[PDB]
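Okay, structure first, notes after.
Positions of Cβ are generated from backbone atoms using ideal geometry, with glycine treated the same way; all protein chains shown enter the neighbour counts. Computed from the coordinates by the stated procedures, all read-outs in this text should not be read as laboratory data.
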Amino acid sequence: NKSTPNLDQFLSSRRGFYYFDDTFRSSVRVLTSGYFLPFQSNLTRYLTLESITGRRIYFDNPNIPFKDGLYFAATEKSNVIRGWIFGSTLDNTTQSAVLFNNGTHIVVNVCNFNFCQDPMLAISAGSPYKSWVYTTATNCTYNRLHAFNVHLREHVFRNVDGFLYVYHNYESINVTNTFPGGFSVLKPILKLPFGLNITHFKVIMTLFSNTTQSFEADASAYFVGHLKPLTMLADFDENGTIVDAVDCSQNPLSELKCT
Amino acid sequence: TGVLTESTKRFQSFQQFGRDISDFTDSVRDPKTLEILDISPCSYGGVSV
Amino acid sequence: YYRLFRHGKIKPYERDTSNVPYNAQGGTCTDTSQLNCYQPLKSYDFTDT
Ligand SMILES: *[C@@H]1O[C@H](CO)[C@@H](O[C@@H]2O[C@H](CO)[C@@H](O[C@@H]3O[C@H](CO)[C@@H](O[C@@H]4O[C@H](CO)[C@@H](O)[C@H](O)[C@@H]4O)[C@H](O)[C@@H]3O)[C@H](O)[C@H]2NC(C)=O)[C@H](O)[C@H]1NC(C)=O
Ligand SMILES: *[C@@H]1O[C@H](CO)[C@@H](O[C@@H]2O[C@H](CO)[C@@H](O)[C@H](O)[C@H]2NC(C)=O)[C@H](O)[C@H]1NC(C)=O
Ligand SMILES: *[C@@H]1O[C@H](CO)[C@@H](O[C@@H]2O[C@H](CO)[C@@H](O)[C@H](O)[C@H]2NC(C)=O)[C@H](O)[C@H]1NC(C)=O
Ligand SMILES: *[C@@H]1O[C@H](CO)[C@@H](O)[C@H](O)[C@H]1NC(C)=O
Ligand SMILES: *[C@@H]1O[C@H](CO)[C@@H](O)[C@H](O)[C@H]1NC(C)=O
Ligand SMILES: *[C@@H]1O[C@H](CO)[C@@H](O)[C@H](O)[C@H]1NC(C)=O
Ligand SMILES: *[C@@H]1O[C@H](CO)[C@@H](O)[C@H](O)[C@H]1NC(C)=O
Ligand SMILES: *[C@@H]1O[C@H](CO)[C@@H](O)[C@H](O)[C@H]1NC(C)=O
Ligand SMILES: *[C@@H]1O[C@H](CO)[C@@H](O)[C@H](O)[C@H]1NC(C)=O
């Protein structure tokens, strides 16, 4: 009943920079090498849009390979994108993780989940009704709950030495179809000792309705980008805060500024 | 080893010590008081005979 | 129990809690009691003598 996704690609501008170390600095330029999102690279966009003619719903949620990190952006309203699923096969043969944050509170679970076909949360913008994410979970190792109740939301996912790293940022924007442009820095929020082999991830969606037992559609979009091994340069102010950065493999002025 | 004195610096929320470009420690949060201090070489300057 | 047969080598601070038949020749296998099937876990023997 769904429609073939439009795998359109926009330009990533100068986004995707995060904090790579926990040392404290003041007015220092530091050159590093790591796994970062390259400047001005194709960012693949998936959309959730209202049906017009019939069962034309664009309910995008494929399996996107993790590779060596992930950058995930969301432009939406009324909190349609809520949670993430990490795993290897995403079956009940291998342990998997769900990192839901909305709903009652942030629920972080590592179990042997048997997921359904559409990880869709059947709720609305408030006073939620049901929850459709699981079918069975036999052997659970980690269960944590954190007390907590058009925009731009940014996340970065990494997996190093058995630790899952999650970085987050938020901004308020106004746009219709294109992708924004600007500079953002991502602060470290989450670091979890899970120690599992992550090769695939999937998103969780919600279907807003009008006080009815039938649910359908919303207006939103989420963007995916993959990380690559690069070298970059960063700048720090008096009180530690990244003000700008450069990509030392983009254009000759960049290697000049990097040498 | 050195003299400890009162401090007027600002620390970014949780932070235990601060250094400089030469990696010389010059500040500690001195727990049980939480009042930032300053460290200084015992002798610094110059003495001629 | 400790795992005896695996295709690749694990990475630091990473665990695997799987139990699937390991085909010597190739990728997948879903039937034991064969001439080429090998369970991936073997049991220690801590007896008295
Ligand atoms: C994370 O988890 C994924 C699985 O979800 C792991 O991916 C597996 O990776 C292996 C390669 O290391 C891949 O191929 C298997 O191994 C051999 C090819 O490399 C093949 O079997 C072998 O064939 C040889 C030649 O005949 C033979 O000599 C040898 O004895 C063996 O029979 C075959 O292609 C295997 O499938 C798996 O397909 C792949 N599984 C997947 C993708 O589901 C990944 O390695 C894990 N990462 C970490 C860090 O552990
Ligand atoms: C570092 O922090 C200080 C303190 O917040 C900033 O100085 C303040 O700047 C604002 C205006 O942006 C003034 O309203 C405050 O009165 C200032 N306070 C002090 C103590 O100076 C400073 O701009 C920040 N600088 C960096 C490097 O981010
Ligand atoms: C560590 O313990 C010391 C006491 O041994 C605490 O210092 C006292 O703090 C109270 C206020 O909470 C004051 O009324 C006392 O006058 C202090 N006495 C001394 C000896 O300093 C200190 O606050 C404790 N630190 C923490 C973080 O609780
Ligand atoms: C994005 O993809 C198009 C089509 O392959 C390509 O022409 C364009 O150069 C790509 N953008 C980048 C990252 O250069
Ligand atoms: C497609 O139809 C099935 C019927 O069970 C339904 O569960 C699913 O939600 C529909 N597609 C979407 C993405 O809504
Ligand atoms: C495991 O998952 C598969 C696919 O959903 C299912 O066919 C099987 O019955 C499940 N078995 C268990 C252990 O629940
Ligand atoms: C869970 O672990 C127990 C051993 O503690 C094992 O007997 C059981 O089969 C496991 N279940 C699954 C499907 O992980
Ligand atoms: C941009 O702002 C206008 C006016 O507030 C609003 O109607 C529109 O929904 C915003 N962008 C989108 C397409 O969400
Ligand atoms: C109310 O529900 C109807 C479907 O019964 C829908 O077409 C309409 O857009 C909804 N309006 C509101 C107030 O959400």
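Every listed requirement among (1) more than 28 Å from A:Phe39 (Cα to Cα); (2) in a loop (DSSP other than H, G, I, E, B) is met by A:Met205 save one, (2). For A:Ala217, the conditions (1) more than 15 Å from A:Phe72 (Cβ to Cβ); (2) away from chain C (no Cβ under 14 Å); (3) assigned to a strand (DSSP E or B) all hold with the exception of (3).
Scanning segment B:1-25 for residues that are within 12 Å of chain A (Cβ to nearest Cβ), of a type outside the set (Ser, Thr, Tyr) and closer than 20 Å to A:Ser27 by Cβ yields B:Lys9, B:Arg10, B:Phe11, B:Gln12, B:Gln15, B:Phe17, B:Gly18, B:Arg19, B:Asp20, B:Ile21, B:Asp23. Tallying residues that are more than 14 Å from A:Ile81 (Cα to Cα), near ligand 5 (Cβ under 10 Å from one of its atoms) and among the polar types (S, T, N, Q) within segment A:52-61 yields 0. The condition (being surrounded by fewer than 13 Cβ atoms within 10 Å (Cβ to Cβ) and away from ligand 2 (no atom under 16 Å from the Cβ)) is satisfied by just one residue among A:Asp22, A:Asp60: A:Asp22. If you go through segment A:233-258 and pick out every residue that is of a type outside the set (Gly, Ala, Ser), away from chain B (no Cβ under 14 Å), over 14 Å from A:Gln40 (Cα atoms) and surrounded by 11 or more Cβ atoms within 10 Å (Cβ to Cβ), you end up with 6.
Apart from one condition, A:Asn143 fits all of (1) loosely packed, with under 12 Cβ neighbours inside 10 Å; (2) over 16 Å from A:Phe86 (Cα atoms); the exception is (2). When residues in segment A:206-220 are screened for being in contact with a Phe, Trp or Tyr (Cβ under 7 Å, 6 or more places away or on another chain) and within 23 Å of A:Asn174 (Cβ to Cβ), 1 of them pass.
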